[PDB]
Amino acid sequence: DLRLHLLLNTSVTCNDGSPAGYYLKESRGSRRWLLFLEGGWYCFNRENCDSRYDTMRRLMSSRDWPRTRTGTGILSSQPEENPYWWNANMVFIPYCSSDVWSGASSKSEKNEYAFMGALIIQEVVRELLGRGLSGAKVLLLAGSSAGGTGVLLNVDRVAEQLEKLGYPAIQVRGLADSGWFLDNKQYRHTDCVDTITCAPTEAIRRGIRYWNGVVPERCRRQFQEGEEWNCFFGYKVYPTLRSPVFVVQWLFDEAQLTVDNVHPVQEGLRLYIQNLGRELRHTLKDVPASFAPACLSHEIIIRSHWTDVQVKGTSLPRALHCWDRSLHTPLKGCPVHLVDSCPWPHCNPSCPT
Ligand SMILES: *[C@@H]1O[C@H](CO)[C@@H](O)[C@H](O)[C@H]1NC(C)=O
Ligand SMILES: Cc1[nH]c(C(F)(F)F)cc1C(=O)O
């Protein structure tokens, strides 16, 4: 099990100002460190953050967090459940900033909520250095859904943080699970009122303003003032990243379909869904380390049965091990680019049920 540690710097807070924190299980015989960013959507104005505080409070506050957490999937220490990194140091960073891990603004006389996700990551990494991270050889920043986008927004800043702190030998890498979204047109044109039905583009634009959200420097320099929302979209931010990033993405992510207003499938919907899979496949063509099965599902890497799905006969744990090997061109029998080509949910027979 992983043990909670509330951040020693209590000015780094969840939305309601309670301390943010992390769950840790040390593996002293290991120089590998897995820092996992939890997911869970976001909120982008006082009204919808107030509603989320009323019935999703754990995503906004540490006041009710349990003392321990079981590591599952890629965070499991059992080899049968986690053939990839069962022996690593395991860190689970609860998501309590509702800002897709982008914020850097404190709660004040003028701000009802704090949005500090990016400062949370930075501070966790700092306090971990004194608990063994300083000796690490690889730090894999991983994350699912909003945490998957968080990886893309933060992996390079973590690299740069550790460099400026004097730890050049720690290799920072990213594993973005289910955080590779398309800013496409919705199937039906609902209006952005809440957070689920809202279109992705308008969601992020309002959010950044409200959170004081920050994005990777090189991506920021491309899109420039006002257009930083662009960097929340994997296919636009990924090419600007310097750290190695493995991308895991269902071709038909349920959260993508939700924001696209997709729920007897007639021609119009069949075409829309097939176009979505092809567009997603297109954006992954030049991502050399990726695992993108043709399934309708949400998230994967901390589910107990994440070992089950395969693309072209290769499991995600195997693909991640081949990726490790590639970073010591293509390896014999150890493929790293695994993107399904069939065009409909569950044409891959290993899709979860
Ligand atoms: C604690 O966090 C605050 C807010 O980000 C920051 O200003 C300060 O530098 C941190 N303290 C230390 C000792 O790093
Ligand atoms: C469900 C979801 N949609 C988006 C969007 F708008 F960028 F596509 C981000 C998330 C997330 O939780 O990270």
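FYI, the numbering for the sequence shown is 88 to 350, 355 to 419, 427 to 451, going by the entry's author numbering. Using N, Cα and C, we set each Cβ at its ideal position, and we do this for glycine too.
In this structure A256 is exposed. Its beta-carbon is surrounded by fewer than 16 other beta-carbon atoms within 10 angstroms.
In the three-state reduction of the DSSP assignment, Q401 falls in the strand class, which pools E and B.
Rounded to whole angstroms, the gap between the alpha carbons of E250 and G266 is 26 Å.
Of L95, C306 and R90, the smallest CA-CA separation from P153 is found for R90. Of the candidates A342, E304 and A107, the residue whose Cα lies closest to the Cα of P326 is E304.
Minimum Cα-Cα distance from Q336 among the listed residues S330, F268, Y274 and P355 corresponds to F268. Exposure of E134 is indicated by the presence of fewer than 16 other C-beta atoms within 10 angstroms of its C-beta. Of the heavy atoms belonging to ligand 1, at least one sits nearer than 7 Å to the Cβ of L206.
A residue is called buried once 16 or more other Cβ atoms fall within 10 Å of its Cβ, and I283, having fewer, is exposed. In the structure shown, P106 falls within a strand segment according to DSSP collapsed to helix, strand and coil. Distance check between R292 and each of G234, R118, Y129 and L93 places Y129 closest, using alpha-carbon atoms only.
Less than 8 Å separates the beta-carbon of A246 from that of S330.
Pairing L252 with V242 gives a Cβ-Cβ distance that is not under 8 Å. By the Cβ criterion, the segment 300–318 is not in contact with the segment 333–350, since fewer than three pairs of Cβ atoms, one from each stretch, lie closer than 8 Å. Looking at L436, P443, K224 and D103, the one whose alpha-carbon comes closest to that of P408 is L436.
A contact is defined here as three or more CB-CB pairs under 8 Å, and the segment 202–220 meets this definition with respect to the segment 113–129. The Cβ neighbour count for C101, taken over all protein chains shown within 10 Å, is at least 16; the residue is labelled buried. The continuous beta strand (DSSP E) containing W120 extends over residues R119 to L124. Relative to ligand 1, the beta carbon of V99 is positioned inside 7 Å of a heavy atom. With at least 16 other beta carbons inside 10 angstroms of its own, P287 counts as buried. If you draw a straight line from the Cα of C449 to the Cα of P384, it is about 7 Å long. At least one heavy atom of ligand 1 sits closer than 7 Å to the Cβ of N96.
Using a 10 angstroms sphere on the CB of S231, the tally of other CB atoms reaches 16 or more, which defines it as buried.
DSSP places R260 inside the beta strand (DSSP E), whose first and last residues are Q258 to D264.
Separation of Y182 and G126 (C-alpha to C-alpha, rounded to the nearest whole angstrom) is 6 Å.
Counting C-beta atoms within 10 angstroms of its own C-beta, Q357 has fewer than 16 neighbours from the protein chains shown and is therefore classed as exposed. Between the segment 310–320 and the segment 203–216, the count of C-beta pairs closer than 8 Å stays below three; the two stretches do not touch. In this structure, the CA atom of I295 is about 10 Å from the CA atom of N132.
Cβ-Cβ separation between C386 and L338: approximately 7 Å, consistent with a contact (criterion under 8 Å).
Looking from the CA of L240, the closest CA among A380, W120, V225 and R260 belongs to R260. The three-state secondary structure of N176, taken from DSSP, is strand.
The residues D243, in chain order, have a CB closer than 6 Å to that of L328 in the same chain once the five nearest residues on each side in sequence are set aside.
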